[PDB]
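> coordinates only, no sequence provided:
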Ligand SMILES: CCCCCCCC(=O)OC[C@H](COP(=O)(O)O[C@@H]1[C@H](O)[C@H](O)[C@@H](OP(=O)(O)O)[C@H](OP(=O)(O)O)[C@H]1O)OC(=O)CCCCCCC
Ligand SMILES: COCC(CCO[C@H]1CC[C@@]2(C)C(=CC[C@H]3[C@@H]4C[C@@H]5O[C@]6(CC[C@@H](C)CO6)[C@@H](C)[C@@H]5[C@@]4(C)CC[C@@H]32)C1)COC
Ligand SMILES: COCC(CCO[C@H]1CC[C@@]2(C)C(=CC[C@H]3[C@@H]4C[C@@H]5O[C@]6(CC[C@@H](C)CO6)[C@@H](C)[C@@H]5[C@@]4(C)CC[C@@H]32)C1)COC
């Protein structure tokens, strides 16, 4: 503790300054690992012993500790809290899969009630986290808690699932709509496992690299979108010239050109052999347009995107390593 | 069952030929590179498994809302989404054209999920895997050459 500097250790001063090169030093990492290990003395092979201890309380006594009171010492380490939370989340995910896979009855099953309890208590904990924030302004605590993206997506998912639950406890059609809302919602909870993955040394950097390659890829999404839209409009306006205006036109533009570049290159679905059906005027340009579009979208743009990912990997790798540390 | 165990054995004995192959100068290093590249690949296999499971659960729970609890459910989650990203993207088996069948509630979301799932699994993760294999090749090659010698 530093008396002159208002009871702040060097680590807190370094963190407040956003000094990445200081925290990422070897000594700071060793100190953080020692603090994370708590009061235990398992170094060579940990984690599995933590799982064995949390599953079997008698296994706690056969551990080496640092200088009755052993159980409270073990259970309050950060690592065992993390593993307890991870096991709880795995159980919640299993129950959320089970409730949506099988048929849903009029009133919720007990597993569904467990899922509702999990969501409600997690919302309560988030509310507690908001309420006990450091700044003294009740409006600035919300804006200082909405600084990450995970705690924003959690709020959105909690609100959406609450809306779906309220819609569920109704008659049959609104119950089906609530089921569809649950089906959409489960995707986010499955994706959220990357936050749990982020503890592992070799997975966090990969997640950060993915997060940056998303914005690296967002442009070659747009260019391929333009090419695909052009081809789709051309094929739709060549093959079918006698269609009344309907919203089905907006589906044929994006459907077939998108499914064509992913292996469903069908010469019978498009370019029909027109006993034999009558041939449309100017319909012999569809194979040529398709050939050019496939050549551009599968040999040029994807290879250029591969090159872009390849040549900017060292910088992103180093930055992600520093940020995770 | 005897011949099935024989099939498992012949799988292993066919794989065992690489130890004989590791005599030639240009084949031992490639095998010892394959081992470390598999060690690298396992992580992206895990991530793709998570994404695949998410899409499979969403599809199964959207399209069929009146199924019974059976072990066939654990197959439909993994089977079709895994075979989809390997060149079988048949848009007829997925999203049936709901004379015409009555549409399921929210049966239009499935192609919207499919677009994002294919975009992630064929344009992002595999390209990042290629980049990982590319930027960590020289040191692996040198170490493999030394260990073979
Ligand atoms: C779904 C998982 C999401 C949570 C992810 C959980 C985070 C995660 O993936 O790692 C935790 C644990 C291994 O990590 P853990 O910290 O326990 O132990 C590390 C490991 O022994 C390394 O080999 C050590 O050296 P290095 O690093 O090689 O140099 C390292 O010491 P250090 O030399 O570094 O000081 C040790 O810290 O693995 C499991 O999940 C076991 C349960 C199996 C899974 C059980 C379920 C199948
Ligand atoms: C053919 O007739 C069968 C019948 C017995 C039926 O028993 C059922 C018991 C529930 C059970 C085991 C069954 C089918 C889906 C099973 C789900 C698959 C899910 O997968 C997992 C997959 C991976 C997890 C990550 C997510 O959930 C489970 C939560 C989930 C899971 C294992 C819950 C358990 C379900 C079978 C015969 O007896 C008379
Ligand atoms: C089933 O019967 C339908 C009928 C109502 C029909 O209303 C029509 C109004 C015009 C509208 C919305 C319709 C079909 C093609 C639609 C085009 C698709 C084009 O796509 C876009 C695609 C993307 C844009 C970038 C380019 O253009 C539009 C210029 C274009 C677009 C959105 C213009 C709008 C057109 C439906 C029901 O009423 C009784």
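Great, that's in hand. Numbering: from 1, shown residues only, chains lettered A, B, ... in the order given. Ligands and ions are numbered 1, 2, ... in the order given.
> tell me who's in contact with residue A:82.
By C-beta atoms under 8 Å, 6 or more residues apart in numbering or on different chains, residue A:82 lies in contact with residue A:199. (C-beta placed from N, C-alpha, C; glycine too.)
> assign residue A:185 to helix, strand or coil.
With DSSP: H, G, I helix; E, B strand; the rest coil as the basis, residue A:185 sits in helix.
> and the lengthiest helix in chain A, what other elements does it pack with?
Criterion DSSP state H: the longest helix present in chain A is helix A:204-239. When contacts are defined as 3 or more C-beta pairs under 8 Å, 6 or more residues apart in numbering or on different chains; DSSP states H and E, helix A:204-239 packs onto helix A:193-197, helix A:249-252, helix A:255-260, helix A:286-295, helix A:301-311, helix A:314-324, helix B:28-63, helix B:125-135.
> wait, does that helix contact ligand 1?
No: applying C-beta under 6 Å from any ligand atom, one finds helix A:204-239 out of contact with ligand 1, separated by at least 9.5 Å.
> surely residue A:70 and residue A:61 touch.
Yes: between residue A:70 and residue A:61 there is a contact at 6.6 Å, judged by C-beta atoms under 8 Å.
> backbone dihedrals for the residue of chain A found nearest ligand 3, please?
Proximity of chain A to ligand 3 (C-beta to the nearest ligand atom) peaks at residue A:246, 3.8 Å away. Main-chain torsions, residue A:246, degrees, to the nearest 10: phi -150, psi 160.
> how near is it to residue A:181?
Applying C-beta to C-beta, to the nearest Å, the value for residue A:246 to residue A:181 is 28 Å.
> between the two, tell me which one has more neighbours.
Between residue A:246 and residue A:181, counted using other C-beta atoms under 10 Å in any protein chain shown, the more crowded position is residue A:181 (18 against 8).
> which parts of stretch A:147-165 are buried?
Residues of stretch A:147-165 classed as buried: A:154, A:157, A:158, A:161, A:164, A:165 (neighbour count, 16 or more other C-beta atoms under 10 Å in any protein chain shown).
> and what of stretch A:255-275?
For stretch A:255-275, burial by neighbour count (16+ other C-beta under 10 Å) applies to A:256, A:257, A:258, A:259, A:260, A:261, A:262, A:264, A:270, A:271.
> would you mind measuring from the residue of chain A closest to ligand 3 to residue B:100?
In terms of C-beta to C-beta, residue A:246 sits 16 Å off from residue B:100.
> again with residue A:270
According to C-beta to C-beta, residue A:270 and residue B:100 sit 22 Å apart.
> ok, now which ones touch the residue nearest to residue A:87 when sequence neighbours are not counted?
Once flanking residues are discounted, residue A:87 sits nearest to residue A:54: 7.2 Å by C-beta to C-beta, 6 or more residues apart in numbering or on different chains. Residue A:54 sits next to A:80, A:83, A:84, A:87 when contact means C-beta under 8 Å, 6+ apart.
> and these as CSV, adding neighbour count?
Shown next, in CSV, are these (neighbours: other C-beta atoms under 10 Å in any protein chain shown):
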residue, neighbour count
A:80, 18
A:83, 18
A:84, 13
A:87, 13
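> now for those residues, which pair is the farthest apart?
Using C-beta to C-beta, the two most remote members of those are A:80 and A:87, lying 10.5 Å apart.
> can you give me the neighbour number for residue A:222?
9.
> cool, and residue A:294?
Residue A:294: 15 surrounding residues under other C-beta under 10 Å.
> thought it was touching residue A:267?
No: the pair residue A:294 / residue A:267 is not scored as a contact, 12.0 Å apart, by C-beta under 8 Å.
> show me which residues of the stretch 101-250 of chain A sit near ligand 3.
So the stretch 101-250 of chain A meets ligand 3 at A:245, A:246, A:247, A:249, A:250 (C-beta under 6 Å from any ligand atom).
> which residue packs closest to the residue nearest the centre of chain A, ignoring adjacent ones?
Closest residue to the average C-alpha location of chain A: residue A:191 at 3.6 Å, with C-alpha atoms, centre = their mean. Of all residues not flanking residue A:191 in the chain, residue B:54 sits nearest, at 6.3 Å (C-beta to C-beta, 6+ apart).
> so how far is ligand 2 from the one you found?
The gap separating residue B:54 from ligand 2 is 10 Å, by C-beta to the nearest ligand atom, to the nearest Å.
> need the contact partners of stretch A:170-189.
A:92-93, A:96-97, A:99-100, A:104, A:106, A:153, A:157, A:160-161, A:163-165, A:167-169, B:54-55, B:57-58, B:61-62, B:65, B:105-106, B:109, B:113.
> again, 6 Å this time
Residues from elsewhere that reach stretch A:170-189 (C-beta atoms under 6 Å, 6 or more residues apart in numbering or on different chains): A:96, A:100, A:104, A:157, A:160-161, A:164, A:167-168, B:54, B:57-58, B:61-62, B:105-106.
> with stretch A:294-312 instead?
For stretch A:294-312, contacts defined as C-beta under 6 Å, 6+ apart pick out A:220, A:224, A:227, A:261, B:127, B:131, B:134.
> switch to 8 Å and redo it
Contacts of stretch A:294-312 (C-beta under 8 Å, 6+ apart): A:213, A:216-217, A:220, A:223-224, A:227-228, A:260-261, A:265, B:123, B:127-128, B:130-131, B:134-135.
> can you give me the buried ones in it?
Under the neighbour-count criterion of 16+ other C-beta under 10 Å, stretch A:294-312 has A:297, A:302, A:305, A:306, A:308, A:309 buried.
> end to end on it, go ahead and measure it.
Separation of the first and last residues of stretch A:294-312 by C-alpha to C-alpha, to the nearest Å is 27 Å.
> and stretch A:64-78, by the same measure?
One end of stretch A:64-78 sits 17 Å from the other (C-alpha to C-alpha).
> now stretch A:140-157
22 Å.
> residue A:96 touches residue A:114, doesn't it?
No: with contacts counted by C-beta under 8 Å, residue A:96 stays clear of residue A:114, the gap being 9.5 Å.
> neighbour count winner among those two?
residue A:96 (23 against 16).
> contacts only, for the more buried one.
Taking C-beta under 8 Å, 6+ apart, we find residue A:96 in contact with A:115, A:182, A:186, A:189.
> how about those residues in JSON lines, adding distance to ligand 1 and neighbour count?
Below are the contacts of residue A:96 laid out as JSON lines (distance: C-beta to the nearest ligand atom, whole Å; neighbours: other C-beta atoms under 10 Å in any protein chain shown):
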{"residue": "A:115", "distance to ligand 1": "19", "neighbour count": "23"}
{"residue": "A:182", "distance to ligand 1": "23", "neighbour count": "23"}
{"residue": "A:186", "distance to ligand 1": "17", "neighbour count": "21"}
{"residue": "A:189", "distance to ligand 1": "14", "neighbour count": "18"}
